[PDB]
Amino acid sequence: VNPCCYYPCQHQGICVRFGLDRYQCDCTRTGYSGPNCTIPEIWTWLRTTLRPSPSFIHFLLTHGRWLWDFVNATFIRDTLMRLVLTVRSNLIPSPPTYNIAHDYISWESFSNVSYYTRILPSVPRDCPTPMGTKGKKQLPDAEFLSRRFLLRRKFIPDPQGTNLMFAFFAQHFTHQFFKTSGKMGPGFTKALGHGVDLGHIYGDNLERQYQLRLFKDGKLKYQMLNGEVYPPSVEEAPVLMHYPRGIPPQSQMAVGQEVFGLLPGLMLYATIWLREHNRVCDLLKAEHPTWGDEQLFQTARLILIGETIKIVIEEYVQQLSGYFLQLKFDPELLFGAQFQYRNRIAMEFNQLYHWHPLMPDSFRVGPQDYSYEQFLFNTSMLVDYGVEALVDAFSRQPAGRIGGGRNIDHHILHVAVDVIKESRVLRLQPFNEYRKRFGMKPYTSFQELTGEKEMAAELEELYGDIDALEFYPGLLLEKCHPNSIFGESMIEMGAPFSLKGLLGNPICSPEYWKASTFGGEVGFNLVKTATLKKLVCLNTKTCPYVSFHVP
């Protein structure tokens, strides 16, 4: 029996097979020593005992507004944001570590960008049980697990007021770096780029980009419909878009991410960002009449990347966190720190971001209430209502609570089922192992995981042992913070991936973070003062209610 199946090495120690049946843990730089890296060094011990729980820190951050208001207007704001940035980031390996093919560092894992990386090695194929040495010989049926604990019965809105404007932003944004390859299989991605490169606007490959570009004034091709600007058609921009068989090219919109024609919300954002790109080109040309099409295009792209990182940290994440602390996007906060400006999307981060519970039972646009069947492959809704109308509608409709269980609409429950199946193919280690990998104590029972007893009893009967609970299921079934959109694990595990992805970008490095990179002071300020409201309203005829929070 493979000793590493027991996950003997603690605190990021590395389990290596030695001889026919022995194992050793490489505790290098873990802060611990001993056979299993559990004997702490004096400094390590002080840090671990003097640190408040994720639950207590969360409390401090969502209480005492009056105090935080004072803090948010001083340098303490910076000090804390930097603290948040470094502490969350150090939890992500960089250079990247393993991939679906190698549960060990290798030159292939480091140079081969078609692979998603992974934080914890896989469950060795030769282990007694699917999860290691705990649980039953066979995992609970994915389908059953989903219907029992993930299916929505009664719509549960997000207590934090998150809306569909946010939901679709999330779907739009994440899909620029989550593009699992159907051809290569699980564990592989076509979103080389691995981060905020805006590939969902410009395309994940040159040829597509060239087909999407006007090659005049650095602009992106487009078309006018009802006196409004929209992405061009595939006929004008011959690029592969995944539309239902039968829909003509002249009726398809070409945008960068092949999958965006399958939801008005997605194309909505495609339209907004496309309008913002061409707008920025105008501002740039005014500043540099001697610039060619290429430089105008390249420079505008860097600007939008900046705007995206800005808005994601200061509004998107802010919304999700519900923190009284005013999050801040300022690369300089890291100029005095040891930080690698690179990123590699992890398969776990992909699993974790499946926030389908956000989707509602139906989609309300003014007096009209559209169903999934009327909404999903709708090729006219966006143009019928226009950008302003849809933004207003999505900004008003509440999105569903992510954590807590039983809140995924039956229309898309199938995604969760496949997420669970893919997880087993990827052989993700147990939820508890990830709890530990991210600084939390493992759950000692299902009743501790869920703040209740009914689901816990059934889960325990199915899994047999809390140490067998799988990654994704653990994330969605964990008990949620007070009036939060999800549990602590979602944050403690997601923040590192997210923040490392945002700041790990090259435009955030000392070499790139300069006015000249963005065409000058005008371009640099577009990044620095970017805003959701401005992203929309500076590109629409009228300004509707725009926010990631319900009115």
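For the two forms, the rigid core is made up of the largest set of C-alpha atoms that agree within 1.5 Å on superposition. In this text, residue numbers run from 1 along the sequence as written.
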Which of 251-259 and 338-346 strays further in 5 other deposited structures of this protein - Cα RMS after rigid core alignment: 251-259
Between 473-481 and 241-249, which has the larger RMS C-alpha deviation from this form in 5 other deposited structures of this protein after core superposition? 241-249
May I ask you to compare 510-518 and 62-70 by their mean CA B factor in the entry and name the higher one? 62-70
Stretch exceeding the other in mean C-alpha B-factor - 120-128, 340-348: 120-128
One of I272, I311, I247, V84 has the largest Cα B-factor in the entry, namely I247
Based on what the PDB entry reports, which of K179, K216, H414, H172 has the top C-alpha B-factor? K216
According to the PDB entry, is the CA B factor of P482 in the bottom, middle or top third of its chain, that is, lowest, middle or highest? highest
Ranked against its chain, the third holding the CA B-factor of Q10: lowest
Third of the chain's Cα B-factor distribution that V387 belongs to, per the entry: middle
Sorting by Cα B-factor within the chain, modelled residues only, which third would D197 end up in: lowest, middle or highest? lowest
Using the B-factors in the PDB entry, rank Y222's C-alpha atom against the chain and give the third, lowest, middle or highest. middle
